[PDB]
Structure formats: C-alpha cells, structure tokens
Amino acid sequence: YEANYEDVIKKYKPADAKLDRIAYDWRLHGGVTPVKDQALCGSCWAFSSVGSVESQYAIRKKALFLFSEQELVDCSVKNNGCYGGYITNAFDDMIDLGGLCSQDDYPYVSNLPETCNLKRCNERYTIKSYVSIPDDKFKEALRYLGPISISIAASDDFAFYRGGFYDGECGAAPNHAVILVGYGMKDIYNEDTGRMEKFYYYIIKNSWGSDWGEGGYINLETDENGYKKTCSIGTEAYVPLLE
C-alpha cells in the first residue's frame, strides 16, 4: 500500500515548477480543517493520520470533510487505541477496513471503551495509498502533495506553549504525531547587528485543542531549504493519496 515518492511527485508536481521556499501555509490555501482535541487518550496517531486525510480531501475536492478518529481507535488492530500507534499502521488499517467514516457517523469518545462497529457508518471515505516523504523534501512535499502526517519528539515544555516560535527543549525520542501544514519566514530586525535577518519556520497542527499553542498550531524554526528539523519532526513523514 505504500507508494514511492519519486513516482508520486512526478505525477503531482507540474513539470519544472519552481518551488517558492520562503512561505506556503495551507491554512491560507484551503488545506486545513478545524483543530481537534484528543483529550485524555493517547490517540495522536489517529488524529495525525486522519487529519492528513481530511487535508487531502479538502485540497483535491475543494470541500470540507470531517472524518472519524474514533473509528481508527476502536478498529485499527495494528495500533493500541489510546495507548499509542504508528502512522503507517494507521494508513494500512484505513485501507484494510474499507475507509474512514464521517465524524458525524462515528464521533469522538476519547478513552471510553467502545466496540468497533462499522455498521454505524453510512458513507465511507477511502484512500488509495500513502507515501513516505524524504527528509530533504518536506517543503516540496507540502506544496505539491499536501499536509504531512509526522512524528515529533515532544517534551514537557510543550505544555507551556501558547504561540510565538517554540524555544523549549525537545523530547529524547519521537513520541507524538502531528500534521505538518506549512512553512513561513519573518524578517526580524536585530537590535545588536542593526541588520534585518530572515527567520524560517515550519507550521504544525497539533491535536490538543485551539487553546494550546497558536490557535491549535505550533511554529518551529527551520532553515531556507527546510532541512533543519527542530524536535526531530518528520522522522516518520507520510502523506495519504486519494488515487
């Protein structure tokens, strides 16, 4: 089920397009659905992977789709519900189960035990495959393929984050799943040097509610190429594909 990047990008990047590497934010280009809260349940793997698919649908169909994390939590036997999971395992089960359900059909129930039961899903919403995004292609993947389901090494400093550019510590190891939604640059004046300088960053949609971070999102430093990986973001990096 996993497609190969070099095959997938030749299909979706217009031939010889030049990538604008300074700024591109899916929230200003119709690729991001509202922020969710996983509450008291270790289901980031679902939110990340499912939000990914919400984002592909939005981009490819110019229509708002809200899908059900709880379905994956209840049904994805390759993951551990509220005790963690894996991005690829999440994509595999979306496919082997015959698709996502709408959030309406199958609402979030956090850590309440719930039987897996697809008969409560009327319409089903499929993906065809998913693709791993190489470490040196995140900006290219973002612009042309869409938001990326990614791992991140979170630390207890994330608790305090409520906007700006994060300068807390990182986790020892990758331990949380988020969605990469864009990148930006701010020209910051430097009082010492008396020169303007450029500050690049990646933009990430978290699943801890809109009261965490910047309306739900976190800004992390990177460089012009987008090779710098603050908090080990994207060690696992996947985009779902609708065809």
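For the single chain, residues carry numbers from 1 onward in sequence order.
In terms of modelled atom types and a separation under 3.5 Å, the side chain of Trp26 and the main chain of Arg143 share no donor-acceptor contact. The closest donor-acceptor contact from the side chain of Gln56 to the backbone of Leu145 lies under 3.5 Å. Although no hydrogens or angles enter the test, the distance criterion places a donor-acceptor pair under 3.5 Å between the side chain of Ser55 and the main chain of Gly31. Not one N or O on the side chain of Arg124 forms a donor-acceptor pair closer than 3.5 Å with the backbone of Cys101. Within the 3.5 Å criterion, the main-chain N or O of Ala154 finds a donor-acceptor partner in the side chain of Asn175. Between the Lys139 side chain and the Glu224 main chain, a donor and an acceptor come within less than 3.5 Å of each other. Judged purely by atom type and a 3.5 angstrom limit, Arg162 uses its side chain to pair as donor or acceptor with the backbone of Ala159. A distance-only check finds no donor-acceptor pair linking the side chain of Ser76 to the backbone of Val73 [under 3.5 Å]. Although no hydrogens or angles enter the test, the distance criterion places a donor-acceptor pair under 3.5 Å between the side chain of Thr222 and the main chain of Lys228. Remark: side-chain polar atoms of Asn190 are not paired, donor with acceptor, to backbone N or O of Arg195 under 3.5 angstrom.
Taken from OH in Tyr1 to NZ in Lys128, the straight-line distance is 9.5 Å, to the nearest 0.5 Å. Residue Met94 holds its CE atom at 11.0 Å from CG of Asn89, rounded to the nearest 0.5 Å. A distance of 9.0 Å separates OG1 in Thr33 from CD in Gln103, rounded to the nearest 0.5 Å. Note that CD1 of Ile218 is 12.0 Å distant from CD1 of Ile203, once rounded to the nearest 0.5 Å.
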- Query: Given the rule in the side chain to side chain donor-acceptor pair (under 3.5 Å) test, do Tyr106 and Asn117 qualify, once you have shown the distances and angles that lead to the verdict?
  - Reply: CA-CA 9 Å; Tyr106 209 131; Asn117 188 344; over 6 Å; no
- Task: Let me see the working for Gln38 and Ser207 under side chain to side chain donor-acceptor pair (under 3.5 Å), right down to the final yes or no.
- Result: CA-CA 6 Å; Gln38 68 198 59; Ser207 55; 2.4 Å; yes
- Query: Do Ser48 and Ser149 pass the side chain to side chain donor-acceptor pair (under 3.5 Å) test, and can you show the C-alpha distance, the side-chain angles, and the key distance before you say yes or no?
  - Reply: CA-CA 5 Å; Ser48 175; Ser149 175; 2.7 Å; yes
- Item | CA sep, side-chain torsions, deciding dist, call: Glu123, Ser102, side-chain contact (heavy atoms from CB on, under 4.5 Å) | CA-CA 7 Å; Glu123 215 182 338; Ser102 71; over 6 Å; no
- Under the side-chain contact (heavy atoms from CB on, under 4.5 Å) rule, what do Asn79 and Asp93 come out as? Steps first, then yes or no, please. CA-CA 9 Å; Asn79 295 302; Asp93 291 348; 4.2 Å; yes
- Message: Could you walk me through whether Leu241 and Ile127 satisfy the side-chain contact (heavy atoms from CB on, under 4.5 Å) test, starting with their C-alpha distance in whole Å, then the side-chain angles of each, then the deciding distance to 0.1 Å, before giving a yes or no?
- Response: CA-CA 6 Å; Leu241 303 180; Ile127 70 167; over 6 Å; no
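Nearest heavy atoms, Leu118 versus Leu97: CD1-O, 4.0 Å. Residues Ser110 and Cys41 approach most closely at OG-CB, 3.6 Å, considering heavy atoms. Minimum interatomic distance between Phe158 and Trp212 (heavy atoms only, all atoms of both residues): O-NE1, 2.8 Å. Of all heavy-atom pairs between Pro34 and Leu66, the closest is CD-CD2, 4.5 Å. The shortest heavy-atom contact between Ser49 and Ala46 is OG-O, 2.9 Å. Here the closest heavy-atom approach between residue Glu236 and residue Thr88 is recorded as OE1-CG2, 4.3 Å.
Residues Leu242 and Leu64 fall into different hydrophobic clusters, defined by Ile, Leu, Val, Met, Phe, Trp and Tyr side chains chained together at heavy-atom separations under 4.5 Å. A single hydrophobic cluster is not seen to contain both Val131 and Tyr57; linkage of ILVMFWY side chains at heavy-atom distances under 4.5 Å, directly or through other members, places them apart. In terms of hydrophobic clustering, with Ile, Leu, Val, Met, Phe, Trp and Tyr side chains grouped at heavy-atom distances under 4.5 Å, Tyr238 and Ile179 are assigned to different clusters. Put simply, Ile22 and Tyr201 are part of two different groups of oily side chains (I, L, V, M, F, W, Y) that touch within less than 4.5 Å, one to the next. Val32 and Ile204 fall within a single hydrophobic cluster, where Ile, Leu, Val, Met, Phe, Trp and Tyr side chains are chained together by heavy-atom contacts under 4.5 Å.
In this structure the side chain of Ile152 reaches within 4.5 angstrom of the side chain of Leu220, judged on heavy atoms. Under the 4.5 Å side-chain criterion, counting only non-hydrogen atoms from C-beta, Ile150 is in contact with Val178. No side-chain heavy atom of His176 sits under 4.5 Å from any side-chain heavy atom of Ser151. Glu169 is not listed as a side-chain neighbour of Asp156, based on a closest heavy-atom distance of 4.5 Å or more. Considering only heavy atoms from C-beta on, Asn219 stays 4.5 Å or farther from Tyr166 through its side chain. Between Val8 and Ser129 the shortest side-chain heavy-atom distance does not fall below 4.5 Å. Counting heavy atoms from C-beta on, the side chains of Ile133 and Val239 come closer than 4.5 Å.
Heavy-atom contacts from other residues, nucleotides or ligands closer than 6.0 Å to CG of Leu40 number 12 or fewer. A 6.0 Å sphere centred on CG of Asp167 holds no more than 12 heavy atoms belonging to other residues, nucleotides or ligands.
You'll find the ring centres of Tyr108 and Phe47 inside the 6.0 Å limit. Side-chain rings of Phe67 and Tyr125 approach one another, their centers coming within less than 6.0 Å.
Evaluated for a ring-ring contact (aromatic ring centres under 6.0 Å, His included) with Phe165, the options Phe199, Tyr202, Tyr200 yield exactly one hit, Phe199. Here the rule is ring-ring contact (aromatic ring centres under 6.0 Å, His included) with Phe91, and of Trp45, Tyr130, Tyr86 only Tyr130 fits it.
A cation-pi arrangement, defined by a distance under 6.0 Å to the six-membered ring centre and an angle within 45 degrees of its axis, is present between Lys229 and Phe138.
Ionic pairing of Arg120 and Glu71 is not present here: no N-O contact between side-chain nitrogen and carboxylate oxygen is shorter than 4.0 angstrom. With respect to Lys78 and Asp92, no salt bridge is recorded, no charged nitrogen being found less than 4.0 Å from a carboxylate O.
Each salt bridge (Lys or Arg N to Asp or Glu O under 4.0 Å) pair with one or both residues in residues 24-34, not counting sequence neighbours, appears once here: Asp25-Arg27, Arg27-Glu214. Note on residues 36-48: pairs passing salt bridge (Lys or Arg N to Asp or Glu O under 4.0 Å), not counting sequence neighbours, are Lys36-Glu54, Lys36-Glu69.
Taking the six-membered ring for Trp and thresholds of 30 and 60 degrees, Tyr24 and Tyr183 have ring planes inclined between 30 and 60 degrees apart.
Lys198 is linked by a salt bridge (charged side-chain N to carboxylate O under 4.0 Å, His left out) to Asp187, counting only residues two or more places apart in sequence or in another chain.
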